Amino acid sequence: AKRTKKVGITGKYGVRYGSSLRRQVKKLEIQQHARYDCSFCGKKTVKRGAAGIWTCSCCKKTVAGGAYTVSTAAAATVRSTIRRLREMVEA
Amino acid sequence: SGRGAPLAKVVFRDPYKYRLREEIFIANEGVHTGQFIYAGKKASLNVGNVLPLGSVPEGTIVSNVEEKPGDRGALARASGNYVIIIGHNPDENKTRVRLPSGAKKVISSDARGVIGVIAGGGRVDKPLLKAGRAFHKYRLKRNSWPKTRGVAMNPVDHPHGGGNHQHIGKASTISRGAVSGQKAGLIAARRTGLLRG
Amino acid sequence: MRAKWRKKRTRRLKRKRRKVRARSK
Amino acid sequence: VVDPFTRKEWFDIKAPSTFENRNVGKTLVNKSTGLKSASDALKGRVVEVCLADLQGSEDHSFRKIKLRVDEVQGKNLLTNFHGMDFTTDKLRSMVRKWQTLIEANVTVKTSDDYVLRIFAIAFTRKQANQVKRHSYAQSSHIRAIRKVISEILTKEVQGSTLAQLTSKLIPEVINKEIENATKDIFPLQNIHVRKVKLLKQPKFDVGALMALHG
Amino acid sequence: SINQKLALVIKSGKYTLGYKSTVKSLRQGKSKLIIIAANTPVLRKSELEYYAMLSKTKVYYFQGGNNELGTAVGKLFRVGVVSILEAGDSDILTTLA
Amino acid sequence: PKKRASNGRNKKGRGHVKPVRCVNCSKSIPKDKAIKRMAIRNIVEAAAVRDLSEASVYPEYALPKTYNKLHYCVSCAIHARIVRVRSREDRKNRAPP
Amino acid sequence: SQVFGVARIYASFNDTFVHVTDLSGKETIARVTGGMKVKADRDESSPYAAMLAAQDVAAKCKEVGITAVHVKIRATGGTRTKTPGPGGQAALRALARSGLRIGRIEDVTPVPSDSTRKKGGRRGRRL
RNA sequence: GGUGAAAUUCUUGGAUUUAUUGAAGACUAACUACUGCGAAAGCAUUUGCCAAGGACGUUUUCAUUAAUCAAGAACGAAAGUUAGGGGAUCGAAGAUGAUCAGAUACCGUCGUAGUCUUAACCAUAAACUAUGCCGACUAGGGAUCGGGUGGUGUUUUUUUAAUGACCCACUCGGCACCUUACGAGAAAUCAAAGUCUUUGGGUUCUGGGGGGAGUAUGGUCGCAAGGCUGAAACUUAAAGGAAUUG
Ligand SMILES: [Mg+2]
Ligand SMILES: [Mg+2]
Ligand SMILES: [Mg+2]
Ligand SMILES: [Mg+2]
Ligand SMILES: [Mg+2]
Ligand SMILES: [Mg+2]
Ligand SMILES: [Mg+2]
Ligand SMILES: [Mg+2]
Ligand SMILES: [Mg+2]
Ligand SMILES: [Mg+2]
Ligand SMILES: [Mg+2]
Ligand SMILES: [Mg+2]
Ligand SMILES: [Mg+2]
Ligand SMILES: [Mg+2]
Ligand SMILES: [Mg+2]
Ligand SMILES: [Mg+2]
Ligand SMILES: [Mg+2]
Ligand SMILES: [Mg+2]
Ligand SMILES: [Mg+2]
Ligand SMILES: [Mg+2]
Ligand SMILES: [Mg+2]
Ligand SMILES: [Mg+2]
Ligand SMILES: [Mg+2]
Ligand SMILES: [Mg+2]
Ligand SMILES: [Mg+2]
Ligand SMILES: [Mg+2]
Ligand SMILES: [Mg+2]
Ligand SMILES: [Mg+2]
Ligand SMILES: [Mg+2]
Ligand SMILES: [Mg+2]
Ligand SMILES: [Mg+2]
Ligand SMILES: [Mg+2]
Ligand SMILES: [Mg+2]
Ligand SMILES: [Mg+2]
Ligand SMILES: [Mg+2]
Ligand SMILES: [Mg+2]
Ligand SMILES: [Mg+2]
Ligand SMILES: [Mg+2]
Ligand SMILES: [Mg+2]
Ligand SMILES: [Mg+2]
Ligand SMILES: [Zn+2]
Ligand SMILES: [Zn+2]
């Protein structure tokens with residue numbers, strides 16, 4: 001069966017700390033426990049180590065990345081902006 | 001331990017002797033174990049690379065950047081922080097930069113920085129949920145937790161101490177030219193109360 | 001009696017009825 | 001209170017050889033005083049001039065051209081190409097209603113390493129025997145018309161040096177060559193290279209400049 | 001077309017996929033053309049590139065990664081490399097650049 | 001009662017058009033409803049040209065027009081000379097002058 | 001044989017600007033604006049103010065050696081008016097009948113391929 | 001600077017203006033129309049990939065598989081909600097300068113949220129053609145978008161071709177328009193709002209005087225704001241629609 005309506009992983013916390021805070025960490029606990037696809041071997045085997053340390057199971061490359069997900073929106077953009085700039089010193 | 005960002009152990013061959021000197025960097029978001037890192041004036045513009053500021057175009061996003069040249073990294077080292085380069089002055093080469101706090105600043109164009117953004121961004125977006133979570137936070141940092149409000153002490157212990165109610169008593173914004181024992185509260189504050197910005 | 005505002009008032013002053021029937025528990 | 005003009009000096013400007021009328025006018029700069037190198041206060045400036053003045057004829061009475069001050073050989077300013085544009089009247093007069101505008105651009109690099117963006121304009125025209133009032137394109141013709149235009153615009157740069165491009169622009173040669181590529185797709189009237197913008201320049205090579213002095 | 005010149009190949013012809021089969025496909029010289037995914041490592045790429053020069057077998061690099069090439073040949077698994085043995089009635093052998 | 005068959009103004013077959021801003025008023029108005037008029041004029045008023053005729057170098061210099069397209073909201077357009085109230089039967093006419 | 005500067009007027013409402021410069025633009029020569037020839041605080045835009053402005057402008061243009069001028073008239077533009085102020089005509093005419101040689105005029109008022117929101121609210125500036 | 005006119009503000013540390021550059025985020029001008037597309041909400045810079053769609057064509061194919069629909073579902077402008085990004089501009093609140101008898105309004109300068117965006121909600125607008133969908137039929141006329149057909153037809157002149165563009169003629173389909181009613185209507189008007197007291201082609205939803213009231217209550221959805229469903233006591237002789245004359 002569906003075990004619960006909404007609490008999901010934050011069932012461990014039970015009734016404590018206030019629902020909105022619980023909802024705030026549920027979001028990041030799903031992100032940080034997720035299996036991310038590997039940018040090198042193409043396998044869904046990247047899982048967080050400590051915060052910011054993402055490492056693939058088999059191919060064992062480790063990527064420095066977000067604290068709770070593997071690529072923050074800010075760093076994705078930064079990679080854009082530098083490319084746009086690099087593509088110009090290249091010209 | 002005690003640092004939000006992760007560290008990159010990076011190895012270089014020694015130019016003047018046959019050995020390896022390994023360097024301990026702060027990891028920028030995107031660099032991976034086995035990546036090649038390039039360091040120096042002519043090094044190319046990709047995340048991971050350390051370049052002098054005058055050699056990066058206006059708009060570049062960099063971290064662990066020196067205040068003086070050769071200091072090996074002062075500005076923008078904590079998780080998710082970076083500095084934008086805003087401009088140059090090749091006469092007595094200087095480079096203007098905006099810091100994490102929004103301060104602009106000019107530094108010697110030979111000051112080195114590393115392309116990209118410090119990894120671990122977003123750390124402070126998760127409610128700590130529990131005293132203990134923050135117990136172990138300062139466990140690995142320093143004996144600064146927990147904090148008892150001065151208003152809950154006796155007047156022997158704190159400018160805020162004492163009284164038959166818990167209250168500060170004089171104003172809580174303290175002159176900058178105060179003295180040790182008197183600077184508790186909002187030192188040299190210039191406004192106060194809830195912001196509109 | 002602009003309807004838009006005879007109706008803002010109708011809500012302003014009906015959540016008030018809701019929020020006061022819960023005091024009476 | 002000091003009349004800052006008496007501390008200022010005149011320098012006459014000579015244009016590139018690629019233009020008929022080379023001596024244009026004069027400009028102004030404070031004189032070279034202690035550590036003040038008016039030479040450096042001069043180079044880097046830019047001025048735009050109607051092609052009517054560079055080539056005398058008024059059939060390019062639209063088409064301003066910018067020119068920038070490189071090395072100065074003493075009191076004469078030898079300048080180099082910087083960019084051309086259609087005056088806004090000429091531009092705003094071609095965009096008559098009841099007809100389709102077509103535009104395209106492509107950023108190319110020249111024989112001498114010059115990266116730059118070049119803009120083409122074109123308006124569908126009615127065929128002579130037409131009775132309907134509007135003569136619109138059809139978006140597939142527009143895509144097709146767009147495709148061929150970028151190919152010739154790209155082919156002419158890098159199939160020409162920058163100075164050669166000046167040589168091949170004043171005659172409006174590529175307008176015909178674009179007219180000779182889109183004729184089979186749709187009529188078109190006001191074909192023009194509307195703008196040219198210089199995005200980057202290579203190392204100085206003062207030799208190229210002095211090739212444009214006589 | 002562009003990508004489905006591989007849909008031709010699986011029907012009208014013979015192929016093999018995976019690395020250690022496309023060295024057996026290549027030491028035996030009996031491979032007419034191989035396709036390499038984008039994310040297969042560089043050391044791997046230069047090994048298949050060297051077998052290319054020795055077998056006079058020319059090589060194509062692919063837009064997607066090994067996850068994408070698998071679905072490109074209608075397989076449901078990743079595939080870093082694929083070897084074409086017969087076009088047979090395909091369109092791919094001649095028509096490439 | 002419905003005053004115009006165009007409802008407000010001239011949009012049949014889409015549902016939503018997009019807003020422009022009156023040049024005098026700044027008010028939002030759908031493009032199909034705005035009141036449009038071209039200010040095609042020379043950069044010189046009445047006279048002032050043959051007071052400039054011999055003032056100019058360049059024997060052969062044409063006269064550049066200054067182009068600008070103007071959009072009015074309904075209220076401004078009425079309050080200026082731009083449009084005027086018309087009779088009932090006169091509102092069906094699309095003759096400009 | 002004659003020499004050249006460039007005009008650059010700004011025909012705003014509430015004011016009109018007339019100041020000429022090297023064909024470069026960098027080094028300029030005397031600015032004089034419509035609010036220097038009036039002090040009523042309002043009619044700085046007026047045509048009369050523009051005439052006295054150009055007349056005091058061209059005199060300084062003679063004192064240094066500007067034979068002639070190309071002109072670049074300009075409304076406020078941006079997202080604001082695109083239609084040039086009333087003291088634009090007056091200053092330009094007050095410049096030919098003032099004795100400088102001219103030719104090659106353009107409207108350089110800035111217009112967007114358009115973009116960025118306009119001031120006023122969607123109900124417009126209602127009075 | 002701004003305005004009817006002012007003032008708030010900025011400015012000899014040079015503002016405004018100029019010229020040379022640079023960044024950031026939103027927008028997609030002119031072309032842009034009684035033109036296109038989409039179930040509707042809505043969609044306008046280039047290109048690339050990804051699936052999709054109507055119309056047209058058809059001596060292809062299955063053969064009644066279909067119309068409309070309680071229950072149940074998808075989508076659903078703007079604002080609003082929660083979290084991250086983003087935050088140039090405009091700007092509910094707010095702050096201010098005016099105006100004013102007052103003026104926390106209109107006007108002026110700021111300006112928070114918001115405006116953009118990802119991940120979740122919300123489910124409503126004069127969400128309008130205030131006109132359900134399917135089918136059939138009944139007037140006159142000229143344009144236009146798509147696709148097709150026809151011609152020793154104009155240019156493409158590449159020699160003539162052949163395409164594209166155009167021209168003329170047909171046609172299917174679509175956005176609309178003009179005239180007119182022969183019919184309709186309280187009228188404004190209507191080519192459907194016609195083919196109705198000469199009243200029946202099929203079907204779904206909704207209304208039954210005005211208030212009270214989209215209130216109370218129950219249920220349900222929502223984090224909330226709120227949405228969906230929804231009375232009664234009570235009160236009233238008119239409210240209302242279209243047009244006419246002043
Ligand atoms: Mg405490
Ligand atoms: Mg105590
Ligand atoms: Mg004490
Ligand atoms: Mg004290
Ligand atoms: Mg106390
Ligand atoms: Mg207390
Ligand atoms: Mg207290
Ligand atoms: Mg094997
Ligand atoms: Mg009315
Ligand atoms: Mg439609
Ligand atoms: Mg709508
Ligand atoms: Mg215009
Ligand atoms: Mg003023
Ligand atoms: Mg009024
Ligand atoms: Mg200045
Ligand atoms: Mg942008
Ligand atoms: Mg269209
Ligand atoms: Mg556009
Ligand atoms: Mg239902
Ligand atoms: Mg919405
Ligand atoms: Mg919304
Ligand atoms: Mg936010
Ligand atoms: Mg903002
Ligand atoms: Mg503002
Ligand atoms: Mg207010
Ligand atoms: Mg206001
Ligand atoms: Mg929001
Ligand atoms: Mg819903
Ligand atoms: Mg409704
Ligand atoms: Mg309705
Ligand atoms: Mg009906
Ligand atoms: Mg029907
Ligand atoms: Mg008919
Ligand atoms: Mg047709
Ligand atoms: Mg035909
Ligand atoms: Mg034919
Ligand atoms: Mg009733
Ligand atoms: Mg209820
Ligand atoms: Mg009575
Ligand atoms: Mg009535
Ligand atoms: Zn891996
Ligand atoms: Zn208006």
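Where a number appears in this text, it was derived from the coordinates with a stated rule and is not lab data. Note that we place each Cβ from the backbone using ideal geometry, even for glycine, and neighbour counts take in every protein chain shown.
For the range G:16-80, just say rounded, prolate or oblate: build the C-alpha gyration tensor, square-root its eigenvalues into a ≥ b ≥ c, call rounded for a/c under 1.5, and beyond that prolate if a/b exceeds b/c, oblate if not. Can you show the working numbers first?
Values: a/c = 2.39, a/b = 1.31, b/c = 1.82.
Oblate shape, in that a/c is at least 1.5 and b/c is the bigger or equal ratio.
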re the range A:1-47: pairs of Cα atoms spaced beyond 18 Å account for a percent value of 44
For G:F4, other-chain or 5+-apart residues with amide H closer than 5 Å (H placed, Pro excluded) are D:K26, G:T67, G:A68
What is the Cα coordinate range of the range G:54-127 on the first, second and third principal axes, sorted by size from largest, in whole angstrom? 51, 29, 17
Report D for the range G:5-51 in µm² per second (integer): Stokes-Einstein, Kirkwood Rh on Cα pairs, 25 °C, 0.890 mPa s. 224
With no solvent and one point per C-alpha, what does the Debye sum give as log10 I(q)/I(0) for chain F at q = 0.21 Å⁻¹? -1.16
With N set to the residue count of the range B:38-113, report its C-alpha Rg divided by 2.2 N^0.38 Å to two decimal places. 0.96
Taking a crude spin-label model, label points 7 Å out from Cα along the C-beta direction, the D:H134 to E:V59 distance in nm is 5.6
Please quote Rg/Rh for chain G to two decimal places, taking the Kirkwood radius as Rh and restricting both calculations to Cα atoms. 1.04
Of all DSSP beta bridges in chain E, what percent run antiparallel (nearest 5)? 70
Debye sum, Cα scatterers, the protein assembly as shown, no solvent: what log₁₀ I/I(0) at q = 0.06 1/Å? -0.71
Sorted by chain and then number, the residues having a modelled amide H within less than 5 Å of the amide H of B:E23, at least 5 places away or on another chain, are B:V10, B:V11, B:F12
Excluding residues fewer than 8 places away in the same chain, name every one of the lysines whose C-alpha is closer than 26 Å to that of B:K68. B:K9, B:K41, B:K42, B:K94, B:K104, B:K105
When A:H33, B:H160 are ranked with the fewest other C-beta atoms within 10 Å first, the list becomes A:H33, B:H160
The range A:48-91: C-alpha gyration tensor shape, a/c 1.5 cut-off, then a/b vs b/c: oblate
Full-stretch length increase - B:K9, B:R98 - with 0.36 nm per residue and alpha-carbon distance subtracted: 29.3 nm
Compactness relative to 2.2 N^0.38 Å, alpha carbon Rg of the range D:40-83: 1.29
D:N180-F:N93 pseudo-label distance in nm [points 7 Å out on the Cα-to-Cβ vector]: 5.4
Given 5 Å bins starting at zero, what is the percent of C-alpha pairs of the range D:6-214 in each, up to the one with the largest pair distance? 1, 6, 14, 16, 16, 14, 10, 8, 6, 4, 2, 1, 1, 0, 0
As an exercise, use a Förster radius of 60 Å and the Cβ-Cβ distance of F:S53 and B:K183 to find the FRET efficiency, rounded to the nearest 0.05. 0.15
Over all directions, what mean area does the Cα convex hull of the range F:41-97 project, stated in square nanometres? 6.3
For the range D:107-118, just list the computed ³J(HN,Hα) in residue order, Karplus coefficients 6.51, -1.76 and 1.60, θ = phi - 60°, integers in Hz, with x standing in for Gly and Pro. 9, 10, 10, 8, 3, 5, 6, 9, 9, 6, 10, 10
Overall dimensions of chain E as given by Cα atoms, namely Rg and Dmax in Å: 12.2, 34
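Averaged across B:25-38, how many Cβ atoms of other chains sit within 10 Å of each residue's Cβ atom?
Average neighbour count from other chains, rounded to a whole number: 5.
For peptide F:46-58, compute the average count of partner chain beta-carbon atoms within 10 Å of each residue's beta-carbon. Walk me through the intermediate numbers first.
Values: counts 1, 1, 7, 2, 0, 3, 8, 1, 2, 11, 7, 10, 10.
Neighbouring Cβ atoms belonging to other protein chains average 5 per residue here.
How long are the semi-axes of the equivalent ellipsoid of the range B:45-182, taking √(5λ) for every eigenvalue λ of the Cα gyration tensor, in whole Å from largest down? Please report the intermediate quantities before stating the final value.
Working: eigenvalues 354, 91, 29 Å².
Taking √(5λ) for each eigenvalue gives 42, 21, 12 Å, largest first.
Using r as the Cβ-Cβ distance of B:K130 and A:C59, and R0 as 22 Å, what FRET efficiency do you calculate, to the nearest 0.05?
Once rounded, the FRET efficiency stands at 0.05.
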Would you mind computing the Rg to Rh ratio of chain A from its alpha-carbon coordinates, Kirkwood style for Rh? 1.14
What average count of beta carbons from other chains do you get within 10 Å of the Cβ of residues in G:102-114? 5
If packing is taken as the mean number of other Cβ atoms within 10 Å per residue, what is the order of D:77-89, B:114-126, D:18-30, highest first? B:114-126, D:77-89, D:18-30
Mind giving me the nanometre distance, one decimal, between the label points for B:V106 and D:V1, set 7 Å out from Cα along Cα→Cβ? 2.8
For the range D:110-124, list residues with backbone N below 16 Å from a point placed 7 Å from the Cα of D:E172 toward its Cβ? D:120-124
Considering the Cα trace of the range D:1-73, what is its radius of gyration and what is Dmax, both in angstroms? 14.9, 48
